[PDB]
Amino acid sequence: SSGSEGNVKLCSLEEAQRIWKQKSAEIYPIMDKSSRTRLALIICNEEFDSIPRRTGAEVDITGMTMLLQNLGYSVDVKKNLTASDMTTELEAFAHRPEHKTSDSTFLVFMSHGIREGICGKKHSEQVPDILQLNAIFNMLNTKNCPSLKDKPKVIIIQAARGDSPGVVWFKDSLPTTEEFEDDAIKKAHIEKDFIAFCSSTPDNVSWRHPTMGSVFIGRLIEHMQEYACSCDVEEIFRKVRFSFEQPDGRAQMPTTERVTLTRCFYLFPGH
């Protein structure tokens, strides 16, 4: 009886009716299932030139691919890219015409993390190869990705550190090209409707179960599958943090970051 949705628990018609009746004015609207063309992007760096292999990556890619596909997203997976190539790929994704007939997107980045951003494949101390988190939000913003204006953009980042001070986030501050937008694109908020969810916790290896996925990605998939039907995604992220509250060996506490969501994002699995 299971199908496109896999192991994601379905929101019944009754359930969906209730959520929408109660808060429709502040729920991101979703598009008709039959005609919508949802897109997602996973970029996973596993094999690196000068830094450790990320054993566990393939289980994560497979799990997140399955998850997002079960939630209705056409998932485009890219592997072992330089920051330069990650940039080129981001811009292409941002420019896909399918987003015009979509209601939302997910972007997943799985790689090594340092203070300054996400490590590309050719990264070393001498020769840097870093994707700045900021560039993700910029390339998907209102001006650079007008097809996703007013639509939620969920950015999941697994950027495990090791000895370094995780991923830094947060600051507090040439002229661009005139592309002659209608004054309603011009006057829109540059950045709006983003939510990020970030883990920089290193992996604990089990040699008995090598190849196995990161606990973060596993815990996220588990919670998405169980609670996509009843909770909006902000709340699902909070519940992942709740699940990690009593520490085991390796303490995990992923942070929700750069929230410019204006409405609740419900996934309405089954619809």
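Each residue number is its position in the shown sequence, starting from 1.
- According to the entry, the stretch of the deposited sequence that connects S173 to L174 contains 4 to 9 residues lacking coordinates, which leaves a gap of moderate length in the model.
- Looking at 128-136 and 146-154 together, the entry lists the larger mean B-factor for 128-136, computed on C-alpha atoms.
- When the C-alpha B-factors of 180-188 and 107-115 are averaged, 180-188 comes out higher.
- Within the listed group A196, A92, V168, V77, the record reports its top CA B-factor for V168.
- Highest CA B-factor among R238, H209, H223, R38, as stated in the entry: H209.
- The PDB entry assigns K21 a C-alpha temperature factor belonging to the highest third of its chain's modelled residues.
- In the PDB entry, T101 places in the lowest third of its chain by CA B-factor.
- When the modelled residues of the chain are ordered by C-alpha B-factor, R250 sits in the highest third.
- Among all modelled residues in this chain, the alpha-carbon of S164 has a temperature factor (C-alpha) in the highest third.
- Sorting the modelled residues of the chain by their CA temperature factor places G6 in the highest third.
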